[PDB]
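Trainee: Next up, input33.tsv (TSV, C-alpha atoms).
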```tsv
chain	number	residue	atom	x	y	z
A	21	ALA	CA	7.43	-12.39	6.54
A	22	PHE	CA	6.25	-10.95	3.23
A	23	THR	CA	5.36	-7.40	4.25
A	24	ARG	CA	8.66	-7.25	6.13
A	25	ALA	CA	10.61	-8.43	3.10
A	26	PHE	CA	8.92	-6.02	0.70
A	27	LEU	CA	9.52	-2.85	2.71
A	28	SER	CA	13.14	-4.00	2.94
A	29	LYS	CA	13.84	-3.93	-0.84
A	30	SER	CA	11.22	-1.18	-1.54
A	31	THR	CA	12.50	1.58	0.82
A	32	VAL	CA	16.11	1.21	-0.29
A	33	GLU	CA	14.80	2.95	-3.47
A	34	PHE	CA	15.12	6.39	-1.80
A	37	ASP	CA	12.13	11.74	-1.24
A	38	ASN	CA	8.40	11.05	-0.74
A	39	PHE	CA	7.73	7.31	-0.57
A	40	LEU	CA	4.24	5.68	-0.44
A	41	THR	CA	3.58	1.92	-0.69
A	42	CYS	CA	0.89	-0.60	0.30
A	43	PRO	CA	2.50	-4.04	0.65
A	44	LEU	CA	-0.89	-5.42	1.69
A	45	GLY	CA	-2.42	-5.36	-1.80
A	46	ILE	CA	0.81	-6.20	-3.64
A	47	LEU	CA	0.30	-9.63	-2.07
A	48	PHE	CA	-3.23	-9.56	-3.50
A	49	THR	CA	-1.83	-8.77	-6.93
A	50	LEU	CA	0.37	-11.89	-6.63
A	51	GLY	CA	-2.16	-14.07	-4.81
A	52	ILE	CA	-4.06	-13.75	-8.09
A	53	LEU	CA	-1.04	-15.32	-9.83
A	54	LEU	CA	-0.64	-18.44	-7.65
A	55	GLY	CA	-4.21	-18.94	-6.44
A	56	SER	CA	-5.97	-18.98	-9.86
A	57	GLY	CA	-3.26	-21.33	-11.23
A	58	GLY	CA	-1.69	-18.84	-13.61
A	59	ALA	CA	1.96	-19.14	-12.59
A	60	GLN	CA	3.17	-22.74	-12.78
A	61	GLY	CA	6.62	-24.29	-12.29
A	62	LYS	CA	9.68	-22.47	-11.01
A	63	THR	CA	7.90	-19.16	-11.76
A	64	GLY	CA	4.95	-19.48	-9.36
A	65	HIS	CA	6.91	-21.47	-6.77
A	66	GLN	CA	9.22	-18.48	-6.29
A	67	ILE	CA	6.02	-16.49	-5.54
A	68	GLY	CA	4.65	-18.93	-2.92
A	69	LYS	CA	8.08	-18.82	-1.28
A	70	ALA	CA	8.17	-15.00	-1.12
A	71	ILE	CA	4.68	-15.05	0.46
A	72	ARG	CA	6.27	-17.56	2.92
A	73	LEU	CA	3.21	-19.91	2.89
A	74	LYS	CA	3.15	-23.52	4.22
A	75	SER	CA	2.97	-25.45	0.99
A	76	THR	CA	6.06	-23.81	-0.47
A	77	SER	CA	8.10	-24.52	2.68
A	78	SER	CA	8.82	-28.16	1.72
A	79	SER	CA	8.65	-28.84	-2.05
A	80	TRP	CA	7.13	-27.83	-5.37
A	81	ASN	CA	3.49	-29.07	-5.20
A	82	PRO	CA	1.36	-27.05	-7.73
A	83	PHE	CA	-2.17	-28.27	-6.78
A	84	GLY	CA	-1.30	-27.66	-3.15
A	85	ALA	CA	-0.20	-24.01	-3.16
A	86	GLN	CA	-3.15	-22.92	-5.32
A	87	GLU	CA	-5.80	-23.97	-2.83
A	88	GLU	CA	-3.92	-22.50	0.17
A	89	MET	CA	-3.40	-19.13	-1.55
A	90	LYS	CA	-7.03	-19.18	-2.78
A	91	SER	CA	-8.32	-19.43	0.80
A	92	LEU	CA	-5.58	-17.23	2.29
A	93	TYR	CA	-6.56	-14.47	-0.16
A	94	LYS	CA	-10.30	-15.06	0.30
A	95	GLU	CA	-9.78	-15.06	4.10
A	96	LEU	CA	-8.15	-11.62	4.30
A	97	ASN	CA	-10.32	-10.34	1.44
A	98	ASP	CA	-13.76	-10.60	3.09
A	99	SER	CA	-12.18	-9.26	6.24
A	100	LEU	CA	-11.14	-5.86	4.86
A	101	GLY	CA	-14.51	-5.94	3.08
A	102	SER	CA	-16.50	-6.77	6.21
A	103	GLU	CA	-15.26	-3.34	7.37
A	104	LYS	CA	-17.96	-0.83	6.35
A	105	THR	CA	-18.05	2.89	7.25
A	106	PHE	CA	-20.33	5.89	6.47
A	109	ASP	CA	-24.74	8.57	6.27
A	110	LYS	CA	-24.72	5.62	3.85
A	111	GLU	CA	-22.53	2.54	4.58
A	112	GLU	CA	-19.43	2.48	2.35
A	113	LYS	CA	-16.50	0.12	1.92
A	114	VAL	CA	-13.54	1.12	4.05
A	115	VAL	CA	-10.88	-0.75	2.08
A	116	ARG	CA	-10.84	-0.60	-1.73
A	117	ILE	CA	-8.64	-2.87	-3.86
A	118	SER	CA	-8.66	-3.33	-7.63
A	119	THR	CA	-6.08	-5.46	-9.42
A	120	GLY	CA	-5.78	-5.50	-13.19
A	121	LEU	CA	-4.13	-8.00	-15.57
A	122	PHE	CA	-3.82	-6.28	-18.96
A	123	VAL	CA	-3.19	-8.91	-21.72
A	124	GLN	CA	-2.79	-9.09	-25.54
A	125	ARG	CA	-6.32	-9.78	-26.78
A	126	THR	CA	-5.38	-12.53	-29.27
A	127	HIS	CA	-4.31	-14.98	-26.57
A	128	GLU	CA	-6.66	-17.88	-25.92
A	129	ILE	CA	-6.80	-17.67	-22.12
A	130	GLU	CA	-7.58	-20.87	-20.28
A	131	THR	CA	-11.23	-20.85	-19.26
A	132	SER	CA	-10.12	-22.11	-15.83
A	133	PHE	CA	-7.85	-19.09	-15.34
A	134	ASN	CA	-10.62	-16.80	-16.53
A	135	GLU	CA	-13.23	-18.59	-14.39
A	136	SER	CA	-11.09	-18.18	-11.26
A	137	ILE	CA	-10.14	-14.50	-11.42
A	138	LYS	CA	-13.83	-13.63	-11.65
A	139	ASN	CA	-15.60	-15.98	-9.18
A	140	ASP	CA	-12.53	-16.63	-6.94
A	141	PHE	CA	-10.93	-13.16	-6.83
A	142	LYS	CA	-12.30	-9.60	-6.94
A	143	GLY	CA	-9.99	-8.84	-9.85
A	144	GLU	CA	-10.31	-8.07	-13.54
A	145	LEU	CA	-8.69	-9.31	-16.74
A	146	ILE	CA	-8.39	-6.61	-19.46
A	147	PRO	CA	-7.66	-7.80	-23.09
A	148	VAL	CA	-5.96	-4.89	-25.01
A	149	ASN	CA	-3.70	-4.44	-28.11
A	150	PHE	CA	-0.09	-3.31	-27.30
A	151	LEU	CA	0.73	-2.93	-31.07
A	152	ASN	CA	-1.59	0.11	-30.65
A	153	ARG	CA	0.67	1.40	-27.85
A	154	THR	CA	-1.10	4.78	-28.10
A	155	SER	CA	-4.59	3.36	-27.80
A	156	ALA	CA	-3.08	0.81	-25.35
A	157	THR	CA	-2.03	3.34	-22.64
A	158	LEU	CA	-5.40	5.23	-22.38
A	159	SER	CA	-7.27	1.92	-21.85
A	160	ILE	CA	-5.08	1.62	-18.71
A	161	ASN	CA	-5.59	5.29	-17.81
A	162	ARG	CA	-9.34	4.92	-18.25
A	163	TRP	CA	-9.27	1.72	-16.22
A	164	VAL	CA	-7.46	3.24	-13.22
A	165	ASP	CA	-9.50	6.46	-13.43
A	166	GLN	CA	-12.66	4.37	-13.31
A	167	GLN	CA	-11.51	2.40	-10.26
A	168	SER	CA	-10.24	5.31	-8.16
A	169	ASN	CA	-13.49	7.26	-8.86
A	170	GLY	CA	-11.52	10.14	-10.31
A	171	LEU	CA	-9.01	10.40	-7.49
A	172	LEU	CA	-6.31	8.78	-9.62
A	173	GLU	CA	-6.87	10.11	-13.05
A	174	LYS	CA	-3.85	11.24	-15.16
A	175	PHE	CA	-1.95	7.91	-14.82
A	176	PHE	CA	0.10	7.61	-18.01
A	177	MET	CA	2.49	4.69	-18.50
A	178	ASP	CA	5.65	5.82	-20.27
A	179	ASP	CA	6.49	2.45	-21.96
A	180	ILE	CA	4.60	-0.68	-23.15
A	181	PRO	CA	5.73	-4.30	-23.81
A	182	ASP	CA	6.24	-5.88	-27.23
A	183	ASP	CA	3.13	-8.07	-27.48
A	184	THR	CA	4.10	-11.09	-25.30
A	185	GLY	CA	4.70	-9.28	-21.94
A	186	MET	CA	2.01	-8.25	-19.40
A	187	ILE	CA	1.23	-5.19	-17.19
A	188	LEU	CA	-0.32	-5.51	-13.78
A	189	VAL	CA	-1.82	-2.53	-11.94
A	190	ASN	CA	-2.97	-2.47	-8.27
A	191	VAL	CA	-5.06	0.42	-6.88
A	192	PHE	CA	-5.33	0.55	-3.11
A	193	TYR	CA	-7.66	3.13	-1.62
A	194	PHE	CA	-8.35	3.57	2.08
A	195	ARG	CA	-11.25	5.89	3.03
A	196	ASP	CA	-12.29	6.67	6.58
A	197	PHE	CA	-13.32	9.39	9.08
A	198	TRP	CA	-11.41	10.30	12.21
A	199	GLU	CA	-12.67	9.00	15.52
A	200	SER	CA	-12.26	12.59	16.73
A	201	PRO	CA	-11.86	15.00	13.79
A	202	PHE	CA	-9.86	18.23	13.90
A	203	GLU	CA	-11.47	21.61	14.32
A	204	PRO	CA	-10.69	23.66	11.19
A	205	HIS	CA	-10.90	26.83	13.27
A	206	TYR	CA	-7.40	25.94	14.51
A	207	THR	CA	-5.83	24.68	11.31
A	208	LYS	CA	-3.30	27.49	10.97
A	209	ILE	CA	-0.35	27.76	8.58
A	210	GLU	CA	3.10	26.98	9.98
A	211	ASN	CA	6.69	26.31	9.00
A	212	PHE	CA	7.90	22.80	8.14
A	213	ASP	CA	11.62	22.25	8.71
A	214	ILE	CA	12.57	20.19	5.65
A	215	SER	CA	16.34	20.79	5.87
A	216	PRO	CA	18.61	23.49	7.35
A	217	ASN	CA	18.24	25.30	3.99
A	218	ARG	CA	14.66	24.84	2.73
A	219	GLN	CA	11.54	25.51	4.82
A	220	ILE	CA	7.98	25.49	3.48
A	221	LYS	CA	4.58	26.48	4.84
A	222	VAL	CA	1.64	24.09	5.27
A	223	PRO	CA	-1.79	23.98	6.95
A	224	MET	CA	-1.03	22.57	10.39
A	225	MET	CA	-3.92	20.84	12.23
A	226	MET	CA	-3.91	21.39	16.00
A	227	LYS	CA	-5.92	19.15	18.35
A	228	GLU	CA	-5.32	18.07	21.99
A	229	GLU	CA	-6.77	14.72	23.21
A	230	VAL	CA	-5.97	11.28	24.77
A	231	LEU	CA	-3.96	9.21	22.26
A	232	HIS	CA	-1.61	6.26	22.73
A	233	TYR	CA	1.87	7.68	23.05
A	234	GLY	CA	5.29	6.12	23.01
A	235	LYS	CA	8.72	7.65	23.31
A	236	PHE	CA	11.76	5.60	22.35
A	237	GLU	CA	14.90	7.64	23.13
A	238	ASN	CA	16.21	4.05	22.70
A	239	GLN	CA	16.18	4.41	18.86
A	240	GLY	CA	15.27	8.13	18.48
A	241	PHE	CA	11.72	7.93	17.05
A	242	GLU	CA	8.73	9.00	19.20
A	243	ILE	CA	5.39	7.48	18.27
A	244	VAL	CA	1.72	8.53	18.28
A	245	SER	CA	-1.35	6.58	17.08
A	246	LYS	CA	-4.69	8.18	16.21
A	247	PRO	CA	-7.59	5.73	15.64
A	248	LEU	CA	-10.04	6.15	12.80
A	249	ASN	CA	-13.81	5.90	13.13
A	250	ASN	CA	-13.50	2.19	12.45
A	251	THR	CA	-11.27	1.52	15.56
A	252	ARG	CA	-9.64	-1.60	13.92
A	253	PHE	CA	-7.39	0.83	11.93
A	254	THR	CA	-5.04	3.40	13.51
A	255	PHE	CA	-2.97	6.18	11.88
A	256	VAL	CA	0.61	6.17	13.23
A	257	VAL	CA	3.25	8.90	12.96
A	258	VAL	CA	6.95	8.37	13.64
A	259	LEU	CA	8.99	11.45	14.60
A	260	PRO	CA	12.76	11.47	15.13
A	261	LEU	CA	14.03	13.34	18.22
A	264	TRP	CA	16.39	15.06	13.02
A	265	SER	CA	18.24	11.72	13.34
A	266	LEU	CA	15.92	10.33	10.56
A	267	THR	CA	17.56	6.88	10.01
A	268	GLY	CA	16.59	5.72	13.53
A	269	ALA	CA	12.91	5.79	12.51
A	270	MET	CA	13.41	4.07	9.09
A	271	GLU	CA	14.48	0.74	10.81
A	272	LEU	CA	10.75	0.41	11.43
A	273	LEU	CA	10.06	1.36	7.79
A	274	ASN	CA	12.34	-1.21	6.10
A	275	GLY	CA	11.15	-4.09	8.26
A	276	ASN	CA	14.12	-4.27	10.61
A	277	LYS	CA	11.72	-3.40	13.45
A	278	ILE	CA	8.30	-4.94	13.95
A	279	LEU	CA	5.73	-2.18	14.27
A	280	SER	CA	3.29	-3.97	16.58
A	281	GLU	CA	6.35	-4.68	18.77
A	282	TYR	CA	6.43	-0.88	19.29
A	283	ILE	CA	2.68	-0.32	19.04
A	284	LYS	CA	2.41	-2.51	22.15
A	285	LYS	CA	4.29	-0.12	24.46
A	286	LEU	CA	1.96	2.81	23.70
A	287	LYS	CA	0.11	4.00	26.81
A	288	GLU	CA	-2.87	6.34	27.21
A	289	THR	CA	-1.63	9.97	27.23
A	290	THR	CA	-2.80	13.55	26.75
A	291	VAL	CA	-1.24	15.03	23.57
A	292	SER	CA	-0.91	18.46	21.97
A	293	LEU	CA	-1.06	17.18	18.41
A	294	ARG	CA	-0.14	19.47	15.50
A	295	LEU	CA	-0.33	17.61	12.20
A	296	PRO	CA	0.19	18.84	8.62
A	297	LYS	CA	-2.71	18.80	6.19
A	298	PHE	CA	-1.32	17.02	3.13
A	299	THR	CA	-2.06	14.57	0.30
A	300	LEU	CA	0.26	11.77	-0.80
A	301	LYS	CA	0.02	10.15	-4.24
A	302	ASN	CA	2.86	7.96	-5.45
A	303	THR	CA	2.99	5.67	-8.54
A	304	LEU	CA	5.50	2.81	-8.17
A	305	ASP	CA	7.07	-0.08	-10.15
A	306	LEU	CA	7.75	-3.28	-8.19
A	307	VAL	CA	9.58	-5.26	-10.90
A	308	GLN	CA	13.02	-4.25	-9.61
A	309	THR	CA	11.67	-4.82	-6.05
A	310	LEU	CA	10.12	-8.28	-6.43
A	311	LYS	CA	13.33	-9.60	-8.03
A	312	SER	CA	15.57	-8.61	-5.12
A	313	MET	CA	12.88	-10.12	-2.90
A	314	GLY	CA	13.02	-13.48	-4.71
A	315	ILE	CA	10.63	-13.28	-7.70
A	316	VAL	CA	12.94	-12.94	-10.70
A	317	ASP	CA	11.61	-15.67	-13.03
A	318	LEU	CA	8.33	-13.77	-13.55
A	319	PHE	CA	9.56	-10.57	-15.13
A	320	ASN	CA	11.83	-12.40	-17.56
A	321	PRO	CA	10.71	-13.40	-21.09
A	322	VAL	CA	13.00	-16.41	-21.63
A	323	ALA	CA	12.19	-18.04	-18.28
A	324	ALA	CA	8.66	-16.99	-17.20
A	325	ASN	CA	6.09	-19.82	-16.89
A	326	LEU	CA	2.58	-18.32	-17.10
A	327	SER	CA	1.11	-21.34	-18.90
A	328	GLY	CA	-1.88	-21.13	-16.57
A	329	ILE	CA	-3.05	-18.07	-18.54
A	330	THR	CA	-2.23	-19.21	-22.08
A	331	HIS	CA	-0.58	-22.24	-23.69
A	332	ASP	CA	-0.16	-20.98	-27.28
A	333	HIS	CA	2.27	-18.08	-26.74
A	334	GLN	CA	4.77	-17.53	-23.89
A	335	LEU	CA	4.35	-14.28	-21.88
A	336	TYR	CA	5.92	-12.71	-18.73
A	337	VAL	CA	5.19	-9.62	-16.56
A	338	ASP	CA	6.78	-6.48	-18.05
A	339	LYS	CA	5.55	-3.97	-15.47
A	340	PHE	CA	4.09	-4.42	-11.93
A	341	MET	CA	2.56	-1.00	-11.25
A	342	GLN	CA	1.10	0.39	-8.03
A	343	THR	CA	-0.59	3.73	-7.42
A	344	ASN	CA	-1.81	5.14	-4.14
A	345	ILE	CA	-3.51	8.22	-2.75
A	346	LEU	CA	-3.30	9.31	0.91
A	347	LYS	CA	-5.07	12.62	1.57
A	348	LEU	CA	-5.45	13.73	5.20
A	349	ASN	CA	-8.00	16.41	6.20
A	350	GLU	CA	-9.38	17.60	9.54
A	351	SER	CA	-12.26	15.16	8.95
A	352	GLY	CA	-10.45	11.85	8.31
A	353	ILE	CA	-8.59	10.19	5.42
A	354	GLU	CA	-10.28	10.91	1.99
A	355	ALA	CA	-13.37	12.22	3.83
A	356	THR	CA	-14.51	15.80	3.55
A	369	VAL	CA	-8.14	18.27	27.99
A	370	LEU	CA	-4.74	19.41	29.42
A	371	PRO	CA	-1.89	17.89	27.37
A	372	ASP	CA	1.06	16.12	28.99
A	373	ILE	CA	2.94	15.57	25.72
A	374	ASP	CA	3.78	17.93	22.88
A	375	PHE	CA	3.87	16.20	19.51
A	376	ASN	CA	4.52	18.90	16.87
A	377	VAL	CA	5.26	17.50	13.39
A	378	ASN	CA	7.23	20.09	11.43
A	379	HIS	CA	10.23	18.05	10.19
A	380	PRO	CA	10.10	14.89	8.03
A	381	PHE	CA	8.38	11.81	9.42
A	382	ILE	CA	7.23	8.22	8.81
A	383	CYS	CA	3.53	7.39	9.06
A	384	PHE	CA	1.49	4.20	8.83
A	385	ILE	CA	-2.08	3.04	8.52
A	386	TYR	CA	-1.77	0.19	10.96
A	387	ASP	CA	-4.15	-2.74	11.22
A	388	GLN	CA	-5.12	-3.56	14.79
A	389	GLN	CA	-6.55	-6.99	13.89
A	390	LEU	CA	-4.16	-8.37	11.20
A	391	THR	CA	-1.37	-6.54	13.13
A	392	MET	CA	0.40	-5.32	9.93
A	393	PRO	CA	0.98	-1.85	8.37
A	394	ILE	CA	-1.12	-2.16	5.17
A	395	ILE	CA	0.19	1.30	4.13
A	396	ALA	CA	3.65	2.50	5.11
A	397	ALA	CA	4.82	5.92	4.03
A	398	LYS	CA	7.85	8.24	4.41
A	399	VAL	CA	7.09	11.97	4.03
A	400	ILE	CA	9.99	14.39	3.32
A	401	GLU	CA	7.96	17.45	2.13
A	402	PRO	CA	4.12	17.49	2.64
A	403	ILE	CA	2.22	18.01	-0.67
```
Can I see the file as structure tokens?
Mentor:
Amino acid sequence: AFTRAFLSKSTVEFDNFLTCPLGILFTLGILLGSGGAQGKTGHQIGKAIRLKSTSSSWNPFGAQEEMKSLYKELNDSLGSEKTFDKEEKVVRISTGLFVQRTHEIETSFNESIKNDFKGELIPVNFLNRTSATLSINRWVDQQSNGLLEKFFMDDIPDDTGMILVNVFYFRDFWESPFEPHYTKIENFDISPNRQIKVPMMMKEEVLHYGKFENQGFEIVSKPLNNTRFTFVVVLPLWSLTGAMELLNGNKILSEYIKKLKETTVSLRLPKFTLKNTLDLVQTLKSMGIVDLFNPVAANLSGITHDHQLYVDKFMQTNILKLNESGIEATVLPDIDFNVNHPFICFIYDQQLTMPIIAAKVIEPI
């Protein structure tokens, strides 16, 4: 499927990885759905999303409406999820199309991104590359409510090309938070040679466990306050590559989630924060979208019909900060589950059954 294709060509890029293939879809749903990407260009997108209408033949009108409802379907769902003592959105997704101001955008394309998607068109001047970058930095700093300030893009396109940015943010409490009285400082076996300290978080409770001496990666799942989403940690029994097979899409996660039984667990978990800016232009080509990031052969006539443009940079930026209290929020055990060497964690969806956020941690920040 899509999420299983993305993690394939995204994880081969590695060191501390952090990606959210959930919203990257959203970034690109806003290309097909609105009607921006026509021809070969947008067809290659529908195909990579593996949707019905692209299965048989190019049919422009058709794949727009099916992406528009597919997006809108998943989009109110992650929005229908509200957590606290004032109700707050649990999932947070902004998606930004930064474009040369001079271009007469089609009023249909502009009508759709506003009333059809939750996303935002930003008209800026790339000639003023200096003033151009800060516009982006102010945009992302305004969307992440300060969590992701200091995002500075090293290079800018020469007038025709575009820049997309996607900011996923997942905020929630634990279902059973950690006592800070027991968050002590402990070693973390990075390698034989380097070992660092970190604030380990010790709690014992009933959590769904799973050992797989089959592959070599034991599994734990801690649910958040909103029980639909679970936080999953994958520990090797230091094999390391045995776990990644889950991370690059060779192994379905749910497939493994399903064998997790109620257990008592002595959980010791590092306090850490993961932030990780990524470019998906060399990823979305190897995954079958190569006619979009190319100036000669990109067809974004749905946006403008006076000057030809393409996508220069497809940027993503994420923040995962774990605390005793939850994620971004401030009993006799039968299983020990100490996490002091590198691991692979997920924010798993229990309804959509997909890992919205899949991360590989080498050294905890």
Trainee: List every residue of segment 232-266 of chain A that has an atom at most 8 Å from any atom of segment 350-380 of chain A, giving for each one its closest atom pair and the distance in Å to one decimal, counting only C-alpha atoms, sorted by chain and then by ascending residue number, as JSON lines.
Mentor:
```
{"residue": "A:248", "atom": "CA", "partner": "A:352", "partner_atom": "CA", "distance": 7.3}
{"residue": "A:259", "atom": "CA", "partner": "A:377", "partner_atom": "CA", "distance": 7.2}
{"residue": "A:264", "atom": "CA", "partner": "A:379", "partner_atom": "CA", "distance": 7.4}
{"residue": "A:266", "atom": "CA", "partner": "A:380", "partner_atom": "CA", "distance": 7.8}
```
Trainee: Put those residues in a file: C-alpha atoms, as a compact mmCIF listing (two decimals), in the coordinates of the input.
Mentor:
```txt
# COMPACT_ATOMS: atom_id res chain seq x y z
CA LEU A 248 -10.04 6.15 12.80
CA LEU A 259 8.99 11.45 14.60
CA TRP A 264 16.39 15.06 13.02
CA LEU A 266 15.92 10.33 10.56
```
Trainee: Find the spatial neighbours of residue 125 of chain A, counting only C-alpha atoms, within a cut-off of 7 Å - ignore same-chain residues fewer than 5 positions away - and output them as a PyMOL selection string.
Mentor: chain A and resi 147-149
Trainee: For residue 97 of chain A, list every protein, DNA or RNA residue within 9 Å, evaluated using all atoms listed in the file, and leave out those in the same chain fewer than 5 positions away; present the list as a ChimeraX atom specification.
Mentor: /A:48,92,102,141-142
Trainee: So that I can check the surroundings of residue 29 of chain A, please list as a PyMOL selection string every protein, DNA and RNA residue that reaches within 10 Å of it, counting all atoms listed in the file and ignoring chain neighbours fewer than 3 positions away.
Mentor: chain A and resi 24-26+32-33+274-275+306+308-313
Trainee: Can I get the selection written as a PDB file, in the coordinates of the input, with C-alpha atoms?
Mentor:
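Listed below is the output, selection_5.pdb:
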```pdb
ATOM      1  CA  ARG A  24       8.660  -7.250   6.130  1.00  0.00           C
ATOM      2  CA  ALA A  25      10.610  -8.430   3.100  1.00  0.00           C
ATOM      3  CA  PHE A  26       8.920  -6.020   0.700  1.00  0.00           C
ATOM      4  CA  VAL A  32      16.110   1.210  -0.290  1.00  0.00           C
ATOM      5  CA  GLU A  33      14.800   2.950  -3.470  1.00  0.00           C
ATOM      6  CA  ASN A 274      12.340  -1.210   6.100  1.00  0.00           C
ATOM      7  CA  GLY A 275      11.150  -4.090   8.260  1.00  0.00           C
ATOM      8  CA  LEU A 306       7.750  -3.280  -8.190  1.00  0.00           C
ATOM      9  CA  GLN A 308      13.020  -4.250  -9.610  1.00  0.00           C
ATOM     10  CA  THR A 309      11.670  -4.820  -6.050  1.00  0.00           C
ATOM     11  CA  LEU A 310      10.120  -8.280  -6.430  1.00  0.00           C
ATOM     12  CA  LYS A 311      13.330  -9.600  -8.030  1.00  0.00           C
ATOM     13  CA  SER A 312      15.570  -8.610  -5.120  1.00  0.00           C
ATOM     14  CA  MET A 313      12.880 -10.120  -2.900  1.00  0.00           C
TER      15      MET A 313
END
```
Trainee: Counting all atoms listed in the file, find residues at most 10 Å from (6.7, -18.4, -9.5) (file frame) and give them as a PyMOL selection string.
Mentor: chain A and resi 50+53-54+58-70+314-318+324-326
Trainee: Give me the residues within 9 Å of segment 218-235 of chain A as a PyMOL selection string, counting only C-alpha atoms and dropping any in the same chain fewer than 5 places off.
Mentor: chain A and resi 200-204+206-213+240-247+282-283+285-298+349-350+369-371+373+376-378+401-403
Trainee: Can you measure atom CA of residue 44 of chain A to atom CA of residue 85 of chain A for me? One decimal in Å is fine.
Mentor: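 Atom CA of residue 44 of chain A sits 19.2 Å away from atom CA of residue 85 of chain A.
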Trainee: Under the rule that only C-alpha atoms are counted, which of A:30, A:157, A:391, A:132 is the nearest residue to residue 279 of chain A?
Mentor: A:391
Trainee: Hey, can you check how far atom CA of residue 113 of chain A sits from atom CA of residue 193 of chain A?
Mentor: 10.0 Å
Trainee: For residue 191 of chain A, list every protein, DNA or RNA residue within 8 Å, evaluated using all atoms listed in the file, and leave out those in the same chain fewer than 6 positions away; present the list as a list in words.
Mentor: residues 116, 117, 118, 119, 164, 167, 168, 342, 343 and 344 of chain A
Trainee: Work out how far apart atom CA of residue 341 of chain A and atom CA of residue 177 of chain A are and give it in Å to one decimal.
Mentor: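 For atom CA of residue 341 of chain A relative to atom CA of residue 177 of chain A, the distance reads 9.2 Å.
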Trainee: Return the single residue from A:71, A:345, A:187, A:129 that is closest to residue 169 of chain A, with distances computed using all atoms listed in the file.
Mentor: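 Comparing A:71, A:345, A:187, A:129 against residue 169 of chain A, the winner is A:345.
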Trainee: Write segment 275-286 of chain A as a compact mmCIF listing (two decimals), in the coordinates of the input, completed to N, CA, C and O atoms.
Mentor:
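So result_9.txt came out as:
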```txt
# COMPACT_ATOMS: atom_id res chain seq x y z
N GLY A 275 11.39 -2.78 7.71
CA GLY A 275 11.15 -4.09 8.26
C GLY A 275 12.17 -4.59 9.25
O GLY A 275 12.07 -5.73 9.69
N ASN A 276 13.18 -3.79 9.60
CA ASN A 276 14.12 -4.27 10.61
C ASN A 276 13.46 -4.27 11.98
O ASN A 276 13.86 -5.03 12.85
N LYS A 277 12.44 -3.43 12.18
CA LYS A 277 11.72 -3.40 13.45
C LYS A 277 10.26 -3.72 13.20
O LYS A 277 9.63 -3.10 12.35
N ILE A 278 9.74 -4.71 13.93
CA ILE A 278 8.30 -4.94 13.95
C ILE A 278 7.59 -3.70 14.49
O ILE A 278 8.01 -3.09 15.48
N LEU A 279 6.52 -3.31 13.80
CA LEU A 279 5.73 -2.18 14.27
C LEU A 279 4.94 -2.54 15.52
O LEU A 279 5.09 -1.87 16.56
N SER A 280 4.11 -3.59 15.44
CA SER A 280 3.29 -3.97 16.58
C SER A 280 4.14 -4.01 17.83
O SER A 280 3.74 -3.51 18.87
N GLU A 281 5.34 -4.56 17.69
CA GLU A 281 6.35 -4.68 18.77
C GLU A 281 6.43 -3.34 19.51
O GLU A 281 6.34 -3.36 20.71
N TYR A 282 6.44 -2.24 18.76
CA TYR A 282 6.43 -0.88 19.29
C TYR A 282 5.03 -0.38 19.61
O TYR A 282 4.83 0.24 20.67
N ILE A 283 4.06 -0.68 18.74
CA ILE A 283 2.68 -0.32 19.04
C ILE A 283 2.30 -0.75 20.44
O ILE A 283 1.56 -0.05 21.14
N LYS A 284 2.86 -1.88 20.91
CA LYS A 284 2.41 -2.51 22.15
C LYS A 284 2.77 -1.69 23.38
O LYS A 284 2.08 -1.80 24.40
N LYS A 285 3.84 -0.89 23.31
CA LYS A 285 4.29 -0.12 24.46
C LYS A 285 3.64 1.27 24.53
O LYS A 285 4.08 2.11 25.32
N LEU A 286 2.59 1.50 23.76
CA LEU A 286 1.96 2.81 23.70
C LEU A 286 0.84 2.91 24.72
O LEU A 286 -0.16 2.19 24.63
```
